[PDB]
Amino acid sequence: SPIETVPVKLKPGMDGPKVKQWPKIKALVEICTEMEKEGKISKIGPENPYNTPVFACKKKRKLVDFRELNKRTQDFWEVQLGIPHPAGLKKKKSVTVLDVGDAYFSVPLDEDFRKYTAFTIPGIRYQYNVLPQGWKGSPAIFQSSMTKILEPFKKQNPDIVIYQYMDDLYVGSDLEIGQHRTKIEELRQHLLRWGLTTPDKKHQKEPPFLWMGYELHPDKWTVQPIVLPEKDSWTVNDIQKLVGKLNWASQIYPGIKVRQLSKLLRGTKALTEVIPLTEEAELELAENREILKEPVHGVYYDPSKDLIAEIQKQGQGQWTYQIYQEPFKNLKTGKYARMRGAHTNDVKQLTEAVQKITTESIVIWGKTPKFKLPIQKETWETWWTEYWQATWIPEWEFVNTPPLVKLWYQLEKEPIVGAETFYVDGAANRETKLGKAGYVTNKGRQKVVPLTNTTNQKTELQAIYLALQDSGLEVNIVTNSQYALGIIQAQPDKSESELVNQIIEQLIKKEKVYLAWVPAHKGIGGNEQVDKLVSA
Amino acid sequence: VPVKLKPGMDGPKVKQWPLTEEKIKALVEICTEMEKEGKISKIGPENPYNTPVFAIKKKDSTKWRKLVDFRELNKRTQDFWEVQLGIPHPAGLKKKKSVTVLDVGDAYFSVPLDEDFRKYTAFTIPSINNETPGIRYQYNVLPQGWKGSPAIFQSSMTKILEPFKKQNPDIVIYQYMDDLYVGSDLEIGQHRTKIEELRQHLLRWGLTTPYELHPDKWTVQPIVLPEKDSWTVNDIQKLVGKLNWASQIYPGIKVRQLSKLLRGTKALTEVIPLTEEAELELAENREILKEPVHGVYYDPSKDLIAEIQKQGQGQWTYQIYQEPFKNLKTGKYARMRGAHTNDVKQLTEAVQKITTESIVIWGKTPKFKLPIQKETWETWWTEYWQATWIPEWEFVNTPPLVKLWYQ
DNA sequence: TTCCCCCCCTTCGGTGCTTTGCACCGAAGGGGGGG
Ligand SMILES: Cn1c(Cn2ccc(C(F)(F)F)c(Oc3cc(Cl)cc(C#N)c3)c2=O)n[nH]c1=O
């Protein structure tokens, strides 16, 4: 019965909502009378003109419209910072899942705020004497009251482990099941002392247990069956559902790719047009279904051992990790396909995936795993020593299984003897949006090509392109644009722009390349000539 | 002591980053004892404000200290820190000989906090695997890290220091956050005993209180030019580019005779002999670079920006400036202890050294421009941090291709 | 006349330079998980 109230107010500068009164009157009150029998709903006089849009559903159901009150209620901090994950659950000998019913209907709301959650059925005006369903502050207040109730019991019993998630308790113990039933009985009695009507035998469970897409067996765990829709005419909505289901199922199924399935979503107009699939997307979906065809399982945590988060590369910006504590007995499986930045190579994506796995594992288990990256230590040293950022990877070993990540081409550090030198430049007019890109070598050979709808950066990159076309194996390109040199220095593998892609395709073939920057419009050797050519 | 926000700003609403199990279960065992003796009291959902919190280990003392990220609450209540009362920076501390750093944070654990303001200083201890909702807390006594606390305790600290200051006026006393800089001209052997005497005197005031930094060694480094007899075309091009880039910072820089020296489309490698006119021009340029930059002055109204570059081989460079292309200070940091351990480490002690230098010299922490990706910094900057302050930083993404400070 | 928490991709706007294009980041829209 007694639960201490929590202060609740409104955002300053306005009163409660007041929507027009609505003109069921006796049949629906019978349901509400039962609430008035216990004390869920009270009697409000005409001195409280606040009103909310009433609404009644037929349950297969007062779905009250709170949106104005929901908007004007003061800010409540969202203390639920995540969702418990099965892979972080320690193997408990005895388990019991309690589903607290009448959760929001047994927490008293503060007397000052009661008048705002009004209800109009004309007389008698209703007000929610308890925590309303769908209100903004209901989850936080209920969760904090549950924590305040459950803290003394957890202090009394240290070996009992209780996971709370909104309106549900999950209790585990190393005790024998005969004593575990007893301990659950004292837990239920203590909970019922405070007015919470915890079920005694109706909803208590025995293995397997069920949670959000989570079947929990005595010594394993798995997702609930993910049925991927099968159809011949896929619209965008079905593609979105497919992508979501595959992303959810990737938590335990290894080897999932959804990049080509999502690429079809690009360019669509509305949520109804039918987008035909390609061969890439169809093959990827067939592979996903045929790897999802067999059942796979996870394992629970074990603090006595060390996590080991392997990483593999599935080709063209897709990575997969299998966090485990025992070989071939996974704890968790994931995937990293996010590509940030328009110009990156494989090592940058690998270290991004490493940081992602580190933060996920700190969230879930509490300690960073021992990575086994598919990268040679010498390659990582070469990358991180000669690069302008501060890249780190916590602790790792090497995995000798291809495909293997490595740097592709190495720009030379010093000018190379006996090889040709090219002076490239491009210029594009601001208004006409037309330009020209050209180069002058040391032998006096000059070549220029007009270009259309290419700006200064574009035409500078095309000048680099011509220099790489017309040169030999070794070459020294000299530029005056900072952007071009910056793009080519970071040693990218692939880029969203195709011009950078072909530049990289040529840099792969060349044996030795050196790029040097010189200031523009200041008369440095061949810059005058290559600017006179583009100044025509 | 009433405390108020700056009107028209919402309170701190920053989310808590995930923490290691060791850090979480040390934070819990610190916060329990803090709550037992009234320092912090639990709070409910109705408090909509939150600031991060995380555990560090100072000087590897095997014990754990608790930092609360107050970088936003300070930005809100800068009025209580710069308008109400802020201690002016002693101008003589720039030229001092040796300074020691002490912590008087525990001395701040006695002054009660403003009754209305407490609800803003709320933090949250997370839980592993989201087992239970994060245990929330709020502060009841003055907090260690908020710039309002030095403003409140300035009078009390001054009354504490008046006997020792009067007895020994030679030492210069400065206070930033809850840290104290004591600056002595005495010998190194006696300076330590004098600092121990100061600590004992602080103890004798009923307030408990728990390194020989030498400010005078900090001088603006001069940018240097290459020097060799056989100047290749590529090296002459690099020199001309460097002179162009330095023409902004030094108005007297002139590069014209070398421009006439490079006329033909010559190869970058073949040696081009350098005449006597260019030798005279190089000598004059080095003479100009011998003098320091002219025109840089410190304006307390504007903010300090500190840029960091990585030169590889465990070398970093920093430039503290207010108006762009006019560096208020330049430097270089190098340590082989980080490289054997990590690389974000090197950056972390680099930031600590820069911020300590700027507090001692100017009197306020710079806004950093780190050369690091945000995720790999926010993940790992708590494992090596050891200073009870946290300067504001922004991350750079465009590569600083210039890197002409060390060519 | 359902409220939120969390993840993933895609598109839009702000933002700072690289300076008027280009490359970042975050916030919004779909999906997924239900509680
Ligand atoms: C099955 N199982 C286990 C695994 N296990 C271990 C500890 C707990 C604890 F009581 F701590 F919550 C469990 O209760 C939960 C927790 C969560 Cl997030 C979801 C669900 C569901 N549906 C049940 C639990 O399922 N150990 N031994 C055994 O048979």
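Cut-offs applied
- Residues numbered from 1 in each chain as written, not as in the entry; some residues may be left out.
- Chains lettered and ligands numbered in written order.
- Heavy atoms only, no water.
- Residues with missing side-chain atoms left out of burial classes, pairs and counts.
- Domains from an automatic or database assignment.
- Contact = heavy atoms within 4.5 Å.
- Buried area = accessible area lost by both parts, 1.4 Å probe.
- Salt bridge = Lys/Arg side-chain N within 4 Å of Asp/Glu carboxyl O.
- Helix = DSSP H or I, 4+ residues; strand = E, 2+ residues; numbered from the N terminus.
- Buried < 20%, exposed > 50% of the residue type's maximum accessible area, 1.4 Å probe, protein only.
- Pairing = 2+ DSSP bridges.
- Axes fitted to C-alpha atoms, helices over the stretch in contact; angles between N-to-C directions.
- Near = heavy atom within 4 Å.
- Polar contact = N/O pair within 3.5 Å; in protein donor to acceptor, adjacent residues only side chain to side chain.
- Areas by Shrake-Rupley, 256 points an atom, 1.4 Å probe, with all protein chains shown as cover.
- Nonpolar A, V, L, I, M, F, W, Y, C, P; charged D, E, K, R; others polar.

Peer 1: For the domain arrangement of chain B, give the residues involved together with the corresponding values.
Peer 2: Segmenting chain B into domains produces domain 1 (2–91 + 117–157), domain 2 (92–116 + 158–212), domain 3 (213–298) and domain 4 (299–407). Averaged C-alpha coordinates put domain 1 of chain B and domain 3 of chain B at centres separated by 50 Å.

Peer 1: So what about the domain arrangement of chain A? Which residues, and what values?
Peer 2: All names here are of chain A. Under the domain assignment used here, chain A contains domain 1 (1–79 + 105–138), domain 2 (80–104 + 139–207), domain 3 (208–301), domain 4 (302–408) and domain 5 (409–536). Computed over C-alpha atoms, the centres of domain 3 and domain 4 are 24 Å apart. Contact residues are listed per partner, giving 17 residues for domain 3 and 21 residues for domain 4. A buried area of about 1,500 Å², summed over both sides, lies between domain 3 and domain 4, and 52% of it is on carbon and sulfur atoms.

Peer 1: Got a sec to walk through the pattern of salt bridges? Specific residues and values, please.
Peer 2: Scanning the model with the defined rule gives 25 salt bridges over all chains in all. B:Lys310 is paired through a salt bridge with B:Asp343; the nearest N and O atoms lie 3.3 Å apart. Within this pair, whereas B:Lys310 is found in strand β9 (residues 305–310), its partner B:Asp343 is found in the loop between α9 (336–341) and α10 (344–361), the two being separated by 33 residues in sequence. Judged by its relative accessible area of 2%, B:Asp343 falls in the buried class. Residues joined in a network through salt bridges with shared partners are A:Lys11, A:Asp75, A:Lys136 and B:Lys13.

Peer 1: Quick one: what's the story with the sheet that holds strand β6 (residues 168–173) of chain A, residue by residue and with numbers?
Peer 2: Residue and element names in this part refer to chain A. Strand order in the open sheet made by the 3 strands is β2-β6-β5, with antiparallel pairing throughout. Edge positions in the sheet fall to β2 (94–99) and β5 (161–164), since each has one partner strand and no second. Pairs of neighbouring strands in the sheet enclose a mean axial angle of 15°, with direction left out of account. In this sheet, β6 lies alongside β5 in antiparallel orientation, the contact comprising 4 bridges. Bridge pairing links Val-161 to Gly-172 in β6. Where helix α4 (residues 138–156) meets the sheet, its contacts fall on β5 and β6, and the angle it forms with β5 comes to roughly 180°. Packing against the sheet, helix α5 (residues 177–193) makes contact with β2, β5 and β6, and its axis sits at approximately 25° to β2.

Peer 1: Summarise the sheet that holds strand β1 (residues 41–44) of chain A; cite the residues concerned and give the values.
Peer 2: All names here are of chain A. Taken in spatial order, the 3 strands make up an open sheet running β1-β4-β3, and their pairing is antiparallel. The two strands at the open ends of the sheet, each matched to only one other strand, are β1 and β3 (118–120). Here the average twist between neighbouring strands, direction ignored, is 40°. For β1 and strand β4 (residues 125–128), the ladder comprises 4 bridges, and the chain directions are antiparallel. Directly across from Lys-43, in β4, lies its bridge partner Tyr-126.

Peer 1: Lay out the site of the ligand in plain terms, naming residues and giving numbers.
Peer 2: All names here are of chain A. Near the ligand, the surroundings consist of 18 residues, among which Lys-92, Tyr-170, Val-171, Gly-172 and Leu-210 are the closest. In the environment of the ligand, an oxygen atom lies 3.3 Å from a nitrogen or oxygen atom belonging to the backbone of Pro-218. Within the complex, 98% of the 600 Å² of free accessible area of the ligand lies under protein. Elements represented by at least two residues in the shell around the ligand include exactly β2, β5, β6, β7 (209–211) and β8 (214–217). Among the residues forming the shell around the ligand, the class breakdown is 14 nonpolar, 2 polar and 2 charged. Formed jointly, the shell around the ligand draws a minimum of three residues from each of two domains, domain 2 (80–104 + 139–207) and domain 3 (208–301).

Peer 1: Any details on the protein's contact with DNA strand C? Residues and values, ideally.
Peer 2: All names here are of chain A. Neighbouring residues of DNA strand C: 48 residues in total, closest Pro-53, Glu-78, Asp-167, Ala-342 and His-343. Of all DNA strand C atoms lying within 4 Å of any protein atom, the proportion belonging to sugar or phosphate reaches 92%. Measuring from a sugar or linking oxygen of DNA strand C, one finds a backbone N or O atom of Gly-134 at 3.3 Å. Here a phosphate oxygen of DNA strand C and a side-chain polar atom of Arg-430 are 3.2 Å apart.

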